[PDB]
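Participant: my complex, first installment, coordinates as in the assembly:
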Amino acid sequence: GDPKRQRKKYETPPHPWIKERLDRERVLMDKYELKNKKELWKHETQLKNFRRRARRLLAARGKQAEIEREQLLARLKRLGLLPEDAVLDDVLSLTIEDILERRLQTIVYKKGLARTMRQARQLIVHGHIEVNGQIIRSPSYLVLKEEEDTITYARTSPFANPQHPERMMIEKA
């Protein structure tokens, strides 16, 4: 036989030039300030996997099925994608925008640590943001609900001083 080969974690479009798909993806890329299409595609694949697990478990029965069903629900609501009282059916109504709202870049922008999406990306990359006492430099990291509130400037960053010239400009908005 053949040994293991590591595989890509995203899927490319079936047809590269469809006008409607191009328009929709361009809107998303402009709004959330991503770097390249593949990054976007990565998140799409994640969504699909969730849906594909929900479809398989609806039509199943037995002992393992219940365990996997509750595990899926717990994992989904741990990420902050579902309310606490959601049921399995609610999995099928998730959209792509729901996942993009969980990126570290977006969350930094929404919390008011930056004025613009690109500025938030630069702040993350240069290492000025700490999450639960740890510095992370991947703007695409998905933030758990339990750790969302403990996101601040790094305690050794120049921005961790309210008299910094650039921080005052950020606060001005």
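Facilitator: Right, received. Where do you want to start? Residues are numbered from 1 along each chain as shown, chains lettered A, B, ... in the order given.
Participant: going forward, measure contacts between C-alpha atoms and count neighbours the same way
Facilitator: Noted.
Participant: which residues in chain A form helices?
Facilitator: A:19-32, A:37-58, A:63-78, A:96-100, A:104-111, A:117-126, A:165-171 (DSSP state H).
Participant: dump these to JSON lines, plus distance to residue A:156 and mean neighbour count.
Facilitator: What follows is the helices of chain A, written out as JSON lines (distance: least, CA to CA, whole Å; neighbours: other CA atoms under 10 Å):
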{"stretch": "helix A:19-32", "distance to residue A:156": "28", "mean neighbour count": "12"}
{"stretch": "helix A:37-58", "distance to residue A:156": "30", "mean neighbour count": "15"}
{"stretch": "helix A:63-78", "distance to residue A:156": "30", "mean neighbour count": "14"}
{"stretch": "helix A:96-100", "distance to residue A:156": "29", "mean neighbour count": "15"}
{"stretch": "helix A:104-111", "distance to residue A:156": "18", "mean neighbour count": "21"}
{"stretch": "helix A:117-126", "distance to residue A:156": "12", "mean neighbour count": "18"}
{"stretch": "helix A:165-171", "distance to residue A:156": "14", "mean neighbour count": "12"}
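Participant: and those helices as JSON lines, adding distance to residue A:2?
Facilitator: Putting those into JSON lines (distance: least, CA to CA, whole Å) gives the following:
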{"stretch": "helix A:19-32", "distance to residue A:2": "37"}
{"stretch": "helix A:37-58", "distance to residue A:2": "26"}
{"stretch": "helix A:63-78", "distance to residue A:2": "31"}
{"stretch": "helix A:96-100", "distance to residue A:2": "36"}
{"stretch": "helix A:104-111", "distance to residue A:2": "39"}
{"stretch": "helix A:117-126", "distance to residue A:2": "39"}
{"stretch": "helix A:165-171", "distance to residue A:2": "55"}
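Participant: between those helices, which gets nearest to residue A:89?
Facilitator: Nearest to residue A:89, of all the helices of chain A, is helix A:37-58, at 7.9 Å by CA to CA.
Participant: who touches that closest one?
Facilitator: A:9-12, A:29, A:34, A:65, A:69, A:88-89, A:91-92, A:94-96, A:99-100 (CA atoms under 8 Å, 6 or more residues apart in numbering).
Participant: output it as CSV, restricted to C-alpha atoms.
Facilitator: The C-alpha trace of helix A:37-58 is given here as CSV (Å, rounded to 0.1, in the frame of the first residue of the first chain):
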residue,chain,number,x,y,z
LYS,A,37,-9.0,33.8,-1.1
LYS,A,38,-7.7,30.6,0.4
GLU,A,39,-7.9,32.0,3.9
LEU,A,40,-11.6,32.7,3.3
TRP,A,41,-12.1,29.3,1.8
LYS,A,42,-10.6,27.8,5.0
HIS,A,43,-13.3,29.2,7.1
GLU,A,44,-16.0,28.1,4.6
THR,A,45,-14.7,24.5,4.9
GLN,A,46,-15.0,24.6,8.7
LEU,A,47,-18.7,25.6,8.4
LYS,A,48,-19.4,22.8,6.0
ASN,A,49,-17.9,20.2,8.3
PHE,A,50,-20.1,21.3,11.1
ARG,A,51,-23.2,21.0,8.8
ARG,A,52,-22.1,17.6,7.5
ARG,A,53,-21.9,16.3,11.1
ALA,A,54,-25.4,17.6,11.9
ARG,A,55,-26.9,16.0,8.8
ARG,A,56,-25.4,12.6,9.6
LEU,A,57,-26.5,12.6,13.3
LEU,A,58,-30.1,13.5,12.6
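Participant: following sequence is chain B, place it on the structure:
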Amino acid sequence: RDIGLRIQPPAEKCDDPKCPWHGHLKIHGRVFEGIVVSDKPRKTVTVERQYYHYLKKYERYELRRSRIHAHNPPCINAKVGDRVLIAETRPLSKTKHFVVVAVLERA
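Facilitator: This next block brings in chain B, placed alongside the chains you saw above:
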């Protein structure tokens, strides 16, 4: 006398050292049941068993048959057409590895 099969021994006796009932032969392993289809050679029979094999792609069955050569003790002396019971032993010839132990239904 018992040899672990829990069946009736043959009516009479023989002097063959290769008879599991009256000689030194030992039986151990698989036990099959079949129909004799040839008895030309001395102390040798050919037994055929039929079964069904399942073809996964076509979800249907086909008939297959298995032929085994077995030793024929004089105390039993099976003939063509009857149901026999055979058991596995040590090698006896180039192609003989079973021995007839009982005739279930004479032809």
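Participant: tell me which helix or strand the residue sitting furthest away from the middle of chain B sits in.
Facilitator: Farthest-out residue of chain B from its mean C-alpha position, per CA atoms, centre = their mean: residue B:57, at 34.4 Å. Counting by DSSP states H and E, no helix or strand carries residue B:57.
Participant: residue contacts, it?
Facilitator: Residues near residue B:57 by CA atoms under 8 Å, 6 or more residues apart in numbering or on different chains: none.
Participant: distance of it relative to residue B:65?
Facilitator: From residue B:57 across to residue B:65, the span is 21 Å (CA to CA, to the nearest Å).
Participant: again with residue B:47
Facilitator: With CA to CA as the criterion, residue B:47 and residue B:65 are 10 Å apart.
Participant: and the two? Which one has more around it.
Facilitator: The neighbour count for residue B:47 versus residue B:65, taken as other CA atoms under 10 Å in any protein chain shown, is higher for residue B:47 (26 against 9).
Participant: list the contacts for the more buried one?
Facilitator: B:34-38, B:67-70 are the contacts of residue B:47 under CA under 8 Å, 6+ apart.
Participant: can you pull the phi/psi pair for the spatially most central residue of chain B?
Facilitator: When CA atoms, centre = their mean is applied to chain B, the residue found nearest the centroid is residue B:86 (2.7 Å). Dihedral pair for residue B:86: phi -120, psi 150, per degrees, to the nearest 10.
Participant: wait, it sits on residue B:29?
Facilitator: No - using CA atoms under 8 Å, residue B:86 is not in contact with residue B:29; the gap is 10.7 Å.
Participant: from the contacts of residue B:47, list the buried ones, please.
Facilitator: B:34-36, B:38, B:68-70 (16 or more other CA atoms under 10 Å in any protein chain shown).
Participant: in strands, which of the residues you listed fall?
Facilitator: B:34-36, B:38, B:68-70 (DSSP state E).
Participant: picking up where we left off before, ok, of the buried ones among the contacts of residue B:47, which one's closest to residue B:18?
Facilitator: Using CA to CA, those come closest to residue B:18 at residue B:70, 11.8 Å.
Participant: neighbours around residue 82, how many?
Facilitator: No chain was given, so I picked chain A. The burial count assigned to residue A:82 is 18, neighbours taken as other CA under 10 Å.
Participant: chain B is the one I meant
Facilitator: Neighbours of residue B:82 (other CA under 10 Å): 16.
Participant: and the gap between it and residue A:68?
Facilitator: 58 Å.
Participant: what does residue A:162 give?
Facilitator: 48 Å.
Participant: buried residues in stretch B:62-80?
Facilitator: In stretch B:62-80, counting by 16+ other CA under 10 Å, buried: B:68-73, B:75-76, B:78-80.
Participant: swap that for stretch A:79-92, sorry
Facilitator: A:79-82, A:91.
Participant: include chain C as well:
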Amino acid sequence: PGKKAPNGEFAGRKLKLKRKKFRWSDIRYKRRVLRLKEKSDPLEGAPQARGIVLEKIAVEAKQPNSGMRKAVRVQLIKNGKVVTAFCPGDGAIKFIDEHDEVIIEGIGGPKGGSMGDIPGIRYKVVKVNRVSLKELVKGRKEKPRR
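Facilitator: That brings us to chain C, laid onto the chains above:
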């Protein structure tokens, strides 16, 4: 014609035999299993080949097109056969000289054969004296050893 047969539950062998029998009418399957392409392929299954130029020629386009297409005769190193190869580009024929060595590959037509209005030509030139021909056509590089 009646219902497709056999349909019986215990008719596996005949059904399998029928399907195996009529699969030989498929030309794609027959060529692959009998390995017919390998038996006549001058390149012997390679994607590219190296050869030596013997002479320059020109081929007329098929009707209703008009023009002369520039090609060369190439003798292959690996087995000594002779084939015809096309030279893509505007004025690319001027960069070829007799007794040069070239690299050729498939021309990319339907069913791995010829294309366009030049049937009978199956290969195109890619390198000349270990230099990309596309560069030489565009510039950016000069043909070695004059």
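Participant: what about the contacts of residue B:47 again, now that chain C is present?
Facilitator: Here residue B:47 is in contact with B:34-38, B:67-70 (criterion: CA under 8 Å, 6+ apart).
Participant: the residue in chain A positioned nearest to chain C: neighbour count?
Facilitator: For chain A and chain C, the shortest gap (CA to the nearest CA) falls at residue A:1, measuring 21.5 Å. Neighbourhood size, residue A:1 [other CA under 10 Å]: 3.
Participant: gap between the two ends of stretch A:122-139?
Facilitator: 9 Å.
Participant: now do the buried residues in that stretch.
Facilitator: Within stretch A:122-139, judged by 16+ other CA under 10 Å, the buried ones are A:123-124, A:127-131, A:135-137, A:139.
Participant: repeat that for stretch B:37-53.
Facilitator: Under the neighbour-count criterion of 16+ other CA under 10 Å, stretch B:37-53 has B:38-39, B:44-48 buried.
Participant: out of the contacts of residue B:47, who's nearest chain C?
Facilitator: Distance ranking of the contacts of residue B:47 against chain C, using CA to the nearest CA, places residue B:67 first at 19.5 Å.
Participant: isn't the closest one up against residue B:48?
Facilitator: Yes - counting by CA under 8 Å, residue B:67 touches residue B:48, with 4.5 Å between them.
Participant: in chain C, which spans are strands?
Facilitator: Under DSSP E, chain C gives strands at C:48-60, C:68-76, C:82-86, C:101-106, C:123-128, C:131-132.
Participant: who wins for proximity to chain B among those?
Facilitator: Nearest of the strands of chain C to chain B, taken as CA to the nearest CA: strand C:101-106 at 39.0 Å.
Participant: packing partners for that closest one?
Facilitator: For strand C:101-106, the elements it packs on are strand C:48-60, strand C:123-128, judged by 3 or more CA pairs under 8 Å, 6 or more residues apart in numbering or on different chains; DSSP states H and E.
Participant: helices - which of the buried residues of stretch B:37-53 land there?
Facilitator: Using DSSP H, none of those sit in helices.
Participant: so which of the helices and strands packed on strand C:101-106 comes closest to residue C:25?
Facilitator: strand C:123-128 (30.4 Å).
Participant: residues making contact with that closest one?
Facilitator: Contacts of strand C:123-128 (CA under 8 Å, 6+ apart): C:84-88, C:96, C:100-107, C:114, C:132-134, C:143.
Participant: got the angle for that strand vs strand C:82-86?
Facilitator: Going by axes from the mean of the first three to the mean of the last three CA atoms, to 10 degrees, strand C:123-128 is angled at 80 degrees with respect to strand C:82-86.
Participant: how many residues are close by residue C:27?
Facilitator: Other residues close to residue C:27 by other CA under 10 Å number 9.
Participant: do the same with residue C:139
Facilitator: For residue C:139, using other CA under 10 Å, the count is 10.
Participant: would you mind measuring from it to residue A:21?
Facilitator: 40 Å.
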